[PDB]
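Take a look at this one chain, the form deposited in one PDB entry, written out in structure tokens.
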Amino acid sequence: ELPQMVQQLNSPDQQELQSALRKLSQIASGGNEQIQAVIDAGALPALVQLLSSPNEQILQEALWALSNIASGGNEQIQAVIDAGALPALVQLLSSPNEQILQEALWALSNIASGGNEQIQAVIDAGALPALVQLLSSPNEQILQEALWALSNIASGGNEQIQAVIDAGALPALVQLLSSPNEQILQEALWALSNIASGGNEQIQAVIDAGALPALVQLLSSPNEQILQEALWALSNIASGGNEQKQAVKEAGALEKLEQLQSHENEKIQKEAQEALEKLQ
């Protein structure tokens, strides 16, 4: 069944290629055991070749198939990496095709949905410069995918968090907290809080970027999720040293946090107290 499809991916017949591609994608969309069967049949080197196709139909299916493969476990993400997917996927971030870019961004975010070793592979391939450029996009849909992918990069270890910092993502994220669009705020703050999960060097890079004045302002937000996410970043930068703890105190958070203690939503009531006790 599968060896016969993997073989057809080399076929000069575009109907044969597309039919097997459409079959492999639907078979890989399924279970994690199914993803392995597709891997083992050698579909991966064949799929990576197709990422270079000028044919949008065969490229769209190939991308779907790879993002569905990278939907699996940590060492199946590694197979996608070892096959050499990343450079082709990073190449596609310069695409004017909104659908191709959406698929390529999805696949990269799914590859970044694994362990630090996998997350580093994405960084190593050079995804971050392209990702940061996309935060300056006027497309709210492109912005979301780029912010999703970045948040997944910034989920990893300190080496991966500092990578995002060194990629100059923070000024862009800070500039995005001044957005009137509450849905952009949700995604920018989410990525920013992941940067804020790091060590003292990383906590300080966030502080130096002018993040605190925007976060302290957002603590008086009428959106329960944006207010919750501001707390997220603060309680995360509170984890850092007394030198950092002080910068937070002189941001004016102290009173806003003292007020938040008495909230209608008991979820942010504890999220504020945990931030307070880790500050003094």
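A residue's number is simply how far along the shown sequence it sits, counting from 1. For the two forms, the rigid core is made up of the largest set of C-alpha atoms that agree within 1.5 Å on superposition. Residues that one form lacks are left out of the comparison.
The form deposited in another entry exists for this protein as well; it is not shown, and the discussion that follows is about that form.
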query: Rigid core superposition between this form and the one not shown: residue from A211, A65, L44, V248 with Cα shift of 2 Å or more; finding: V248
query: Relative Cα spacing, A272 and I165, in that other deposited form - shift of 3 Å or more; finding: farther
query: Closer or farther in that other deposited form, the Cα atoms of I195 and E243, when the shift from this form is 3 Å or more; finding: closer
query: Regions of at least 3 residues displaced between this form and the one not shown by 2 angstroms or more (CA, core superposed); finding: 241 to 280
